[PDB]
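Listed next as structure tokens is one chain, alone, in the form deposited in one PDB entry.
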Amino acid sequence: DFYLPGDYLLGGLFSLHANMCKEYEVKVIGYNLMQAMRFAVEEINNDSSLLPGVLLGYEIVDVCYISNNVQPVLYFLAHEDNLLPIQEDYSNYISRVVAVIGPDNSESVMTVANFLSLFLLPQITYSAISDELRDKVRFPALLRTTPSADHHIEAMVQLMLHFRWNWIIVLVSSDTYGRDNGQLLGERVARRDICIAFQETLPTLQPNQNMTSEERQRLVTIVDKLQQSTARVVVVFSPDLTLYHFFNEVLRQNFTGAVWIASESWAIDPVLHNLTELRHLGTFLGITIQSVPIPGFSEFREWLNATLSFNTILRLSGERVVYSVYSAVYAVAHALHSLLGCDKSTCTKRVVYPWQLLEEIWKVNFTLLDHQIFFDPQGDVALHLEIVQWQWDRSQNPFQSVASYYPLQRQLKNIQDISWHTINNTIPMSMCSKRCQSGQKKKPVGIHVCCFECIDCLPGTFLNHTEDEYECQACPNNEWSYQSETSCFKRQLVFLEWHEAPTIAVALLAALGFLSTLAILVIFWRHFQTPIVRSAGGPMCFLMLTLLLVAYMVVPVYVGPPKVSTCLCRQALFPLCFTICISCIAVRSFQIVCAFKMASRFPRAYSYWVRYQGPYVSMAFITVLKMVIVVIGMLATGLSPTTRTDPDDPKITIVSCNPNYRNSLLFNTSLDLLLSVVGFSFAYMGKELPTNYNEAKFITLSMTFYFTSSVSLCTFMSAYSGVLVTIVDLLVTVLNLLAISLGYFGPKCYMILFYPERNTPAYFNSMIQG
């Protein structure tokens, strides 16, 4: 069975026993792969259009995993009688065989290639995947009929992208396989916005052996680390014959809930599949190579003890790697057909050096079972991969297709339905941090990008997702916003309006006051002869009345939008009149008492000293202070209108003249209070002992009206009433002036128009002396 004479021979290196070569357990995979090779050879012989006349033979040899690797190569490279000449140019060495269908394991493949490179003898492998085998400098005569490992990693990552998984765990074995695959997966994931929770190394072990306590402790710690994290997608890079202990340990605890992404090594294995209790740990997805039915093969295969035992399994599976051997044999056959230059029915024998076949092998192109067999520049043929879910019920196959992968496009396609383990057939969830709500920004936590915290922004700041999502920009301009608001609602200002009832109330209170003074103005004028008018000091009294009309004429500057044009008058014009108004009353009190008190208490000089410097100049000096303090106040401050924020609600704001602050308001109500108190003291001194024309009585009365308004305003302003400061000051402003209009002259209007008891010149002349 392991020999067939022919004009041209082929080599074969399969691992029939792997666990002298005939001392280990049997492996049927080697047997059916060898049968595939033999079937390919016989079929190529049967046809009468591929190679007319030229027959083919084979020479098969066992390898026993990485045990036997040097003897077969020396056997193949030998003319005859087991003698291999050594020289410096093998351009005319006719080796025993023409090509070698390389071994399965990667290490054996490398070992054999490092030997066959000298003679440039083509070697096609069928189950070894490693990026290191794509370097044509080290391996100039090695080809492969299956894809490399980066394609497996790409399929894994595309599966992890289709369903939203960005939080995974990785486990690797302790050997080149696991280390290389894990490093490659990490490099791939780093560029696709996916995270790795941690990584671990499984202790290397074998079934049917006794383990030390340290390794059991290691497994316990690994399973605990698994059953402490939030990641629920585990990717395992390890070969079979090592995972039994790990899975038993995981079963001993109560770890349930995970998606186990396997690799080619244990994606299709019956011995581990048979563990029934494994059913209840989650979904099992693996990456494998697409199967291709081969017509007329089971007849050859069935027509040894281990094969019958798993004949059912070899029917369900096992057709995933035989196509590789089939295609490799047919590729060698086509290359030989091209090299010899044969035709449909004619052939010409000729010496064939092995190094020549490589050139024609590099450029074959044909169709086999509706698959194109051509080699890429790195020595590969692109065959579709598959993702297989593990199904337990024995009715249908134990490995069910769920998707397809196309190497020439790097895309997953034709994704079918999968039966998960969740409650209502939902997609298992794996993520580190939850998505943020509307308006909230991102606060980083840890070294992984995909983990973060959600932070809500405070008022006055808006979060523009189109810009940095880790910090919300402050709302500029007059726009305003509050908690969790990407958009602002720019605010509003207010000032003393018209329809407001308090403004109307002040209007009536001011108006009736203004009318009263005007009626007094005509009355104090057309009666210029009666002593009451002359008893007021003369025209000096008229100057006082007029300045009060202006004051009440200055009520409307307080109503309307606030600006510098009006803010100036509110600061300079309005308070100018007030100080003189009280001063004339104060100096009047000086007249009542001092003019005769000091003229009778200090007649030595007072009689002549005050004779020339009348009270007018004394009042003027009080004024001179008023301008000085005023101009200082304006210079100390500015005329720019002031804006404030309403505590009642952010949407409202307040604009008012600069002295709106009580501290600035008190700036001018200091000398005014001083003038008030000194006048009050003098008036009370001559309350009733003198009866000049009954003026002390009123002066004390109007002074009291001023004081209650002043003390009331300060006390209330010590508590504040929201947006009422403007109105209250105006109400006091109109009220304190009224104390003058109907508290200093109104009664004197009565005497002139009601009682002539003072109008008679004789009567007043009598009271003047007294």
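What we label the rigid core is the largest C-alpha set whose atoms superpose within 1.5 Å from one form to the other. Numbers follow the displayed sequence, beginning with 1.
**Q** Would you class the number of unmodelled deposited residues between residue 303 and residue 304 as none, 1 to 3, 4 to 9, or 10 or more?
**A** A long stretch, 10 or more residues, is missing between them.
**Q** Counting only residues from the deposited sequence, how many are left out of the model between residue 19 and residue 20 (none, 1 to 3, 4 to 9, 10 or more)?
**A** Gap between residue 19 and residue 20: 10 or more unmodelled residues.
The form deposited in another entry is left out here; the points below concern that form.
**Q** Superpose on the rigid core and name the single residue from 378, 348, 206, 391 whose Cα moves by 2 angstroms or more between this form and the one not shown.
**A** Meeting the 2 Å or more criterion is only 348.
**Q** Please check if residue 459 moves between this form and the one not shown, taking a CA shift of 2 Å or more relative to the superposed core as movement.
**A** Yes, residue 459 moves 2 Å or more.
**Q** Using the rigid core as the reference frame, would you say residue 479 shifts its C-alpha by 2 Å or more between this form and the one not shown?
**A** Where the cores coincide, residue 479 still shows a C-alpha shift between this form and the one not shown that is 2 Å or more.
**Q** Determine, after fitting the two forms on their core, whether residue 470 shows a C-alpha shift of 2 Å or more between this form and the one not shown.
**A** Yes, residue 470 moves 2 Å or more.
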